[PDB]
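>>> Pasting an experimental structure with its sequence.
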Amino acid sequence: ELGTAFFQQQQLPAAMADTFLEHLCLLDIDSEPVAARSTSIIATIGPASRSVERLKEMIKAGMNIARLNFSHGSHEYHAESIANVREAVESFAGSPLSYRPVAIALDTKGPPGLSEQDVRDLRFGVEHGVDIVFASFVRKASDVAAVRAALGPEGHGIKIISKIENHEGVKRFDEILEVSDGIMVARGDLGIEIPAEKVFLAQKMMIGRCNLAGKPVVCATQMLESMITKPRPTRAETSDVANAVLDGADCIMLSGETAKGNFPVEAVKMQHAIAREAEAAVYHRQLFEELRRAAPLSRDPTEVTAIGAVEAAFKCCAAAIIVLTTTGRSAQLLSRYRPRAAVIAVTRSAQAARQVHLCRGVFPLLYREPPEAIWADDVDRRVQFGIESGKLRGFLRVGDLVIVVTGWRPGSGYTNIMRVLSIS
Amino acid sequence: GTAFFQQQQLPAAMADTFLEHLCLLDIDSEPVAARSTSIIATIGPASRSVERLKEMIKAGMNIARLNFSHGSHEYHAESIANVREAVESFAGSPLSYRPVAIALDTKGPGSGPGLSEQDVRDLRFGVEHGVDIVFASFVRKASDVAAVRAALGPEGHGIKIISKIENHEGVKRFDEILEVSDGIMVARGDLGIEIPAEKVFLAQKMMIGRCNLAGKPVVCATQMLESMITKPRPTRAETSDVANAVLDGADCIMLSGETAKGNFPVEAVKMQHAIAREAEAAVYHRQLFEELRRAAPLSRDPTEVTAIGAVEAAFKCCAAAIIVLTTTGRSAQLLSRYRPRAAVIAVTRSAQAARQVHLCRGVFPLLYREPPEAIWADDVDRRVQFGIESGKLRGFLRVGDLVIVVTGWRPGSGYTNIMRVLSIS
Amino acid sequence: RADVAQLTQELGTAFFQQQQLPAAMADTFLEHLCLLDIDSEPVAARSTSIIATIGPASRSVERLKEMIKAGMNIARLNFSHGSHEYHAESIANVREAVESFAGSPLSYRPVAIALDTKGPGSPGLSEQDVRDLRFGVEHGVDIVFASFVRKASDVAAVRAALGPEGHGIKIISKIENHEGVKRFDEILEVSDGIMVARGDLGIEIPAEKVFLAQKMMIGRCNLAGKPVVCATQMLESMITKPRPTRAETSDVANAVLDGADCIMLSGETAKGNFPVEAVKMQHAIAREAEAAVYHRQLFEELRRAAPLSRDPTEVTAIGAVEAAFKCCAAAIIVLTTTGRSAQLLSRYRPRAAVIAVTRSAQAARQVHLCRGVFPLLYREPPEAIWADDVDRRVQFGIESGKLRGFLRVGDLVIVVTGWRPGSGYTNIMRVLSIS
Amino acid sequence: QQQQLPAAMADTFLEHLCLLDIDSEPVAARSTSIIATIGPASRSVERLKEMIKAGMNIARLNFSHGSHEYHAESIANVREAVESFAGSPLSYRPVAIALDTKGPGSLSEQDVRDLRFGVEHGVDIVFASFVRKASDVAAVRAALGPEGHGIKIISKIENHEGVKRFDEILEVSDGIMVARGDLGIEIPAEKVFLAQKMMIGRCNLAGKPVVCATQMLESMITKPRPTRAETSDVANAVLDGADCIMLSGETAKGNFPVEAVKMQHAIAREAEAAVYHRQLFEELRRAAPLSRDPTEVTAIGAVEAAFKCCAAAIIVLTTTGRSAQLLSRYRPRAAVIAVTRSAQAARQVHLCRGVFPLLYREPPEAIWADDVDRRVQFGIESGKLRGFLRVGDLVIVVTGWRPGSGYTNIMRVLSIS
Ligand SMILES: COC(=O)CNS(=O)(=O)c1cc2c(cc1O)C(=O)c1ccccc1C2=O
Ligand SMILES: O=P(O)(O)OC[C@H]1O[C@](O)(COP(=O)(O)O)[C@@H](O)[C@@H]1O
Ligand SMILES: O=P(O)(O)OC[C@H]1O[C@](O)(COP(=O)(O)O)[C@@H](O)[C@@H]1O
Ligand SMILES: O=P(O)(O)OC[C@H]1O[C@](O)(COP(=O)(O)O)[C@@H](O)[C@@H]1O
Ligand SMILES: O=P(O)(O)OC[C@H]1O[C@](O)(COP(=O)(O)O)[C@@H](O)[C@@H]1O
Ligand SMILES: O=C([O-])C(=O)[O-]
Ligand SMILES: O=C([O-])C(=O)[O-]
Ligand SMILES: O=C([O-])C(=O)[O-]
Ligand SMILES: O=C([O-])C(=O)[O-]
Ligand SMILES: [K+]
Ligand SMILES: [K+]
Ligand SMILES: [K+]
Ligand SMILES: [K+]
Ligand SMILES: [Mg+2]
Ligand SMILES: [Mg+2]
Ligand SMILES: [Mg+2]
Ligand SMILES: [Mg+2]
């Protein structure tokens, strides 16, 4: 079986609780997190985190997405930062146990319409192959359409994460989310635009609505602010990181903590440590039931397979859900049900591998082997790639159970199969 | 469509509380799904005619009960043959053929402590005549079940033993009896004499609840439509009783004198069929599925893990059916324990398993007769297609429906591990 | 276990093995069913009232005394049979048997008298019904079971036929056809309660659908806080046989589990060979079924569904029921003029008996329509100080409770009273320790 | 509607989060008490008057700093600023005085001296530092002597042993303080939130006050506005179920002590309206054990009645504060207005969330029933003056059958004016 020690780790006594109150009462500081950290860390790259050597330390500390703030620097400066990130990422393309795809996100300066500088900076993003755009001061659905249009003919695969920074953005949230790929709760400007004591209501509301819609939500700004000058954060700061994860955030961000502060690597390490602890403390019993009850009935086989797979993973305490995905959509639909099992996404798309870091609990594996002549053989080779990487990284052991999600024919949009596999 | 959400008590099924669920029950909401609670009809003078048995199979009879408290071995062998003859008269159309189980109900131990000598003889008769199930009378402890198992010998290992709880000791030792039995029968006639009559409903509801929790079949028996022995229509208490046995969670409902000796055997089967369909639509699945899920323990068995994943997927898309390939019936039983609204269409080559799965609510057995294909994957698809074709013929499926298909990774029993979402074309 | 540990040490483990208390503490309905125990005996008094149809088998004063002792709470007179002279003799015999026990509170049982109308037959109120309803007013009947109610205007016609003198009579509309089921909400709004008349309903709609109509109407009446009666063929075989069938005992238990305030006996008591035994059987089943009710979910659902209220009687009633559940109160003693304060307690389905102390003989008979209400008729002349008249009535309920099994030394009771005399001013809840 | 009522009616916690509205303004009075540490920046009588008006309910004196002479001057200045508002008895705000001990280090003689100072100066609460076991609480209780029988002991959990022995400490303490500063050094900083949420949950279950403390608005020591993490932290302590929130250096030595109190007040009001009462009340009620105590039985009946009619307040007559504490444990949305003649109980009841103490200084009526009705009308008049009540509102009134402590057993539904 698994043993009594297995059921004492990763807050499993608190997870089995019949009420939220009992769940809180059963939280144990001695119950150690075992699962890999599922909340992605976005680190803002600036003078303090630009060097190739510093970026290697940040990748090792847990950075998944590199943010380039186009409110500062120049095109030449950000292109050098992008090249340094790509160089530090590719320095691990040898050791499979260390290679990790890192997304590149462009944060716009902001706006009567889209600013001239935004148009130029967005074009720069397309030309430099950025994966994500954090669009500043989004107030309505037409602002997202303008950013979408500026991403031109070559950039329609770039993800647009709309930053909600003012009262109008909060009030028009539903129409913005409908046309955006995700949302960033941009607390800095939001805390100036609306009373500071109301920001938590906007954060909790937007995270809840994004979780319900199955779209990524980023919690941003001043999460570990004091770490710009101090080697350890305050009690309010560690609490804030933990509570953003407990709220349901897919990503957490570092701004000045990594862009200009004295402790960029330590700030990433701190976010990693807190997120792991907070993910184990999530009350999955009620969360899954509520995501289940609130999500409408679906006749989309990818959505139907995803809920079946997450239910199966919870039933056997599956070590992982291995999904084959071209666009990342199959992994995103698994992620919306918040499984405790890691979602190992095997893809041939280098861009999808970087973009799936926006989805909580998705661990991308970029597959570069040449295709098999028989499609079913090519599928099994990718499933075994996910198992062998999982074994290598520590996610899996022989005798573990995994859930495998695939489709019935090649190409995106046909996911409809869930298999229960025993690791051999 | 908007009309779809009007039928099969779907407004009452979406209710957030049990009280609102009751308030939304609609007499104009027609049941659409196939009747999932099995009907056991006791065979007798009123129901041994081969032509009368054909009418009863068409009316909904799933299990033929042979009461060994009456008649000789020669009488019961003629009952078995008349049953098999009426069942096999429909084998010429394999897409509409209905398997019918044969159950032997023992006389019991009487003033005796354990397996009576007559029961030893009757049980061996059952093995020799290939009965599918034994309804073991007056089971009081786990050792009574072991004695019935021993009397069936090495050749009767596949026969299902349903322990009849008919007295206080059986109720008090219920847990140990259920652990070693394949299922339970709430034998209300003797139970109502052995314990105060006003307490039988507590024993019925408790045993049904515990069997549902254990995932084992439970039969509600005796006097369900008693007045239909002489009258063409039942009383208000009788229709209520049938509906409430289904709402309690019974897998099977039974007819005794109503089919064995009465004047309305076909109409008593039609009546149970009509009530069960209405009551199944009125089940509050929202709470029931949540509770069965929360109470079911964690499992490392791939059949069990696939079953809950498949039931969850079926609810998510309002799947018309869950088509499962099964050798012993176990994969269909594990689907059935989560009480899906979707019909569990079980495709099997075992004629015995096809008969025995009638004990599990919502399992519709299809007997596959074709010899195996050389390529195993093609043999699985042909059986899946046979389920789709049978389901289309029988009204379970239409083009455009979504179905969940449950299969395994290699031949033989015990390897179910795959769930597929399929669109009917 | 932690929420019942101190109370288990105080009241004892035997207290918590009775009245299905292990099944009542269950966290799910499934676990609640699994914990039902045939050895867990009912302790509480029977709360679902029994309506017995009075006919040739149950008319004698001596037979009626046996039926009152067996548990009959409401005597039904079916105006589809007999004559005015026949039913007046039945009424007089019921009143004579009821008053033969008027010697003390520790032995008095008030019994309501209900008139069941013949019906309209082939649209408006029939001329026979106008005559029969006038008979009911003249003979002081407490309730009218109005046959074949199809719309709100049918109820208004019955109310009009009762005249100015029959304003206090309760109108229980009988739902017997498809139109009455479809127009249920408008009928319930203007009626005092409902009767699920399963005999005609089972002929008017498919017999296999009657259970849906019964469960729906009971649920809606529970939600509205109005009495609902389950009627017809509950113990049918007991007309000739001394014991009922397994379906019949199941039906009675399920009507109580559904949420019915009253259960009825028709030919079972009017013409059968075992009228007293039929009443005893319904009494035995109802007590067992009341203990098996899953109060944990039921109370939560009645609370969540009941709208917010600014009526102090309504606010006091929910507070009193909550307090009674918290301490396992033996009773909730309420002072009432019309029965309304006791009815508002009853709508939350407390496990504690609602002992209603009233001076109104009619209200004492009519509160039998509400599940768990035990009426006590107070006969003493008023005290000079109103506060001391209130205290005397509360003590009358505590004295009847003490020597009637209900209350014991060391028991907690919840007492519900008002701030001024007259109907409509209930607003006080007190926790009292009995000594 | 206002006070997050659309989010409060939600059928799931997820839908409740989705319905939270920045435009839905808080209407109810702030229920989470603010403890402000008094030091050089908040010592002056004039500064203390502005802090009382900003929302300070409990004045904390940290015996890790200063001297007995210094803290006695602080106590006198607090009492002077509090009494400057006693001319209007319908608006007078009681303020508790809490002594925070230095601690044991490697019961110390320093602590024995400081605890006797507290008894001699009439302190209402002792924040007992570094509590590791039930015997540490007994030692603090012994040092308070026979004259300090009524002082509330709030045990500070600041290390691994305190967390592990939490249950035995809570059973003998009056309440708990989650002392996050030392706890964040004694255990990994990323685990403190688990200890905070667990201790708050267990105290809510036990019906005992819990204080969230340290670095809640830390940046406000030098800056006029807090960080986004800080406002989030205050809101989350209230959402966790904390009865009190604390300010240390923010009020003791910082440049913006009044602004820090105003900030905690503003956040707490917003966070209290965002509490999901539908699930919280049902969980507190299901988990609270069955009781034969009439005060306990009346308290749940009164909270249930208050929710049923959206009562503006629950007015309770209490001697020791116990009847108000038993109402508070069910977390009613209605303000618990506690009318008390004891000045000590009025100060100590600030430890319980949603309890608003009213000190009774009117002459006693000759008839006891008349005396009770006047204390009840006093609650109504103070409520009307302070904005808690309006004509037409419904209030729940909780009283006893006989004078003296321990006889609460009555709940009445009253319509205002
Ligand atoms: C002042 O902080 C901000 O307004 C927050 N924005 S940021 O965290 O993305 C951030 C980016 C940057 C720098 C600092 C910095 O905090 C910076 O000093 C800097 C300096 C020179 C070039 C680029 C940057 C840059 O991108
Ligand atoms: O998540 P996405 O983008 O829909 O990709 C899922 C697709 O990947 C697969 O599993 C395998 O497809 P490929 O063989 O083309 O990689 C498909 O069967 C399925 O439709
Ligand atoms: O329910 P059972 O008896 O375990 O049978 C399920 C088995 O049926 C199958 O689906 C088909 O197997 P066969 O080809 O041997 O019939 C197996 O893959 C699976 O293990
Ligand atoms: O239930 P009802 O009909 O509203 O009667 C309750 C009334 O009974 C009382 O408790 C006592 O009133 P009386 O003295 O008129 O009998 C009132 O204070 C209260 O208004
Ligand atoms: O809350 P406590 O400490 O039990 O005190 C509440 C007490 O207050 C009262 O309401 C009034 O008491 P006093 O007359 O002593 O002021 C009592 O009836 C009740 O017992
Ligand atoms: O731009 C941002 O990140 C903000 O304003 O918080
Ligand atoms: O054997 C039976 O069917 C019974 O006793 O009810
Ligand atoms: O009228 C009735 O009582 C009936 O139809 O059942
Ligand atoms: O002593 C304290 O208050 C702390 O350590 O947080
Ligand atoms: K920017
Ligand atoms: K038999
Ligand atoms: K009639
Ligand atoms: K200190
Ligand atoms: Mg900004
Ligand atoms: Mg029998
Ligand atoms: Mg009729
Ligand atoms: Mg400290």
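Received it, and whenever you're ready, just let me know what you need. Numbers count the residues shown, from 1 in each chain, chains lettered A, B, ... in the order given. Ligands and ions are numbered 1, 2, ... in the order given.

>>> which residue of chain A sits farthest from its center?
residue A:373 (34.0 Å; CA atoms, centre = their mean).

>>> Would you mind measuring from it to residue B:97?
42 Å (CB to CB, to the nearest Å). For the C-beta atoms, the positions are set from N, CA and C on the backbone; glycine is no exception.

>>> what's the nearest residue to residue A:17 once chain neighbours are set aside sitting at in phi/psi?
Closest residue to residue A:17 apart from its sequence neighbours, by CB to CB, 6 or more residues apart in numbering or on different chains: residue A:23 at 3.9 Å. Here is the backbone geometry of residue A:23 (degrees, to the nearest 10): phi -60, psi -50.

>>> Next: residue A:421.
phi -120, psi 140.

>>> give the contact list for it.
Contacts for residue A:421 (CB atoms under 8 Å, 6 or more residues apart in numbering or on different chains) come out as A:383, A:387, A:401-404, B:417.

>>> How about residue A:361?
Contacts of residue A:361 (CB under 8 Å, 6+ apart): A:38, A:334-335, A:338-339, A:342-343.

>>> One more: residue A:169?
A:137-139, A:162-163, A:176.

>>> quick one: stretch A:47-61 near ligand 1?
Yes - against ligand 1, stretch A:47-61 shows contacts by CB under 6 Å from any ligand atom at residue A:47.

>>> And that stretch, what's buried?
By neighbour count on 16 or more other CB atoms under 10 Å in any protein chain shown, the buried set for stretch A:47-61 is A:48-50, A:54-59, A:61.

>>> likewise stretch A:169-185?
A:169-173, A:176-177, A:179-185.

>>> from the stretch 1-150 of chain A, which residue is nearest to ligand 14?
residue A:136 (5.8 Å; CB to the ion).

>>> burial of that residue, as a residue count?
Look at residue A:136: counted by other CB atoms under 10 Å in any protein chain shown, it has 23 neighbours.

>>> Kindly list the longest helix within chain A.
If you go by DSSP state H, chain A has its longest helix at helix A:375-393.

>>> Packing partners of that one?
Where contact means 3 or more CB pairs under 8 Å, 6 or more residues apart in numbering or on different chains; DSSP states H and E, helix A:375-393 is packed against strand A:320-324, strand A:342-347, strand A:362-366, strand A:401-407.

>>> So residue A:2 belongs to a strand, correct?
No - secondary structure of residue A:2 (DSSP: H, G, I helix; E, B strand; the rest coil): coil, not part of a strand.

>>> list the contacts for it?
Residue A:2 touches residue A:317, counting by CB under 8 Å, 6+ apart.

>>> And the strands in the stretch 151-300 of chain A, which stretches?
When assigned using DSSP state E, counting those that start in this stretch, the strands of the stretch 151-300 of chain A occupy the ranges A:159-164, A:182-186, A:217-220, A:251-254.

>>> Quick one: closest of the ones you listed to ligand 15.
Judging those by CB to the ion, what sits closest to ligand 15 is strand A:217-220, at 62.7 Å.

>>> do stretch A:246-253 and ligand 1 meet?
No - applying CB under 6 Å from any ligand atom, one finds stretch A:246-253 separated from ligand 1 by no less than 9.0 Å.

>>> Could you break chain A into its assigned domains?
A:40-277, A:284-422 (automatic domain parsing).

>>> overlap between the buried residues of stretch A:47-61 and the residues near ligand 4?
Okay, of the buried residues of stretch A:47-61, nothing touches ligand 4 (CB under 6 Å from any ligand atom).

>>> For the residue nearest to the spatial centre of chain A, list the residues it contacts.
In chain A, the C-alpha nearest the mean C-alpha coordinate belongs to residue A:358, at 3.1 Å (CA atoms, centre = their mean). Counting by CB under 8 Å, 6+ apart, residue A:358 touches A:40, A:65, A:103, A:132, A:159, A:161, A:181-182, A:216, A:218, A:250-251.

>>> same deal with residue A:151?
Contacts of residue A:151 by CB under 8 Å, 6+ apart are A:122, A:125-126, A:133, A:158, A:160.

>>> Look up phi and psi at it.
phi -80, psi 0.

>>> tally of neighbours for residue A:148?
19.

>>> correct me, but residue A:375 touches residue A:408?
No - in this structure, residue A:375 is not within contact of residue A:408 by CB atoms under 8 Å, at 10.3 Å.

>>> thinking again about what came up before, now render the buried residues of stretch A:47-61 as CSV, adding secondary structure.
Below are those laid out as CSV (three-state DSSP):
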residue, secondary structure
A:48, helix
A:49, helix
A:50, coil
A:54, helix
A:55, helix
A:56, helix
A:57, helix
A:58, helix
A:59, helix
A:61, helix
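
>>> of these, list those near chain D.
The subset of the buried residues of stretch A:47-61 within reach of chain D, by CB under 8 Å from any CB of the partner chain, is empty.

>>> Looking at those, which one is closest to ligand 9?
Distance to ligand 9 across these (CB to the nearest ligand atom) is lowest for residue A:61, with 28.1 Å.

>>> ok now do that closest one, which residues does it touch?
A:265, A:268-269, A:272.

>>> Same check on residue A:82?
A:66, A:68, A:104, A:128, A:130.

>>> Not including adjacent chain positions, what is the nearest residue to the fourth one?
Leaving out its chain neighbours, the residue that sits closest to residue A:128 by CB to CB, 6+ apart is residue A:82, at 5.7 Å.

>>> give me the element that neighbour is part of.
helix A:75-90 (DSSP states H and E).

>>> centre of the chain versus that helix, how much separation?
21 Å (CA atoms, centre = their mean, to the nearest Å).

>>> Next to chain B, which bits of chain A? Give me the list.
Counting by CB under 8 Å from any CB, chain A sits next to chain B at A:1, A:289, A:297-299, A:301, A:303-305, A:307-309, A:311-312, A:315-317, A:401, A:403, A:408, A:416-422.
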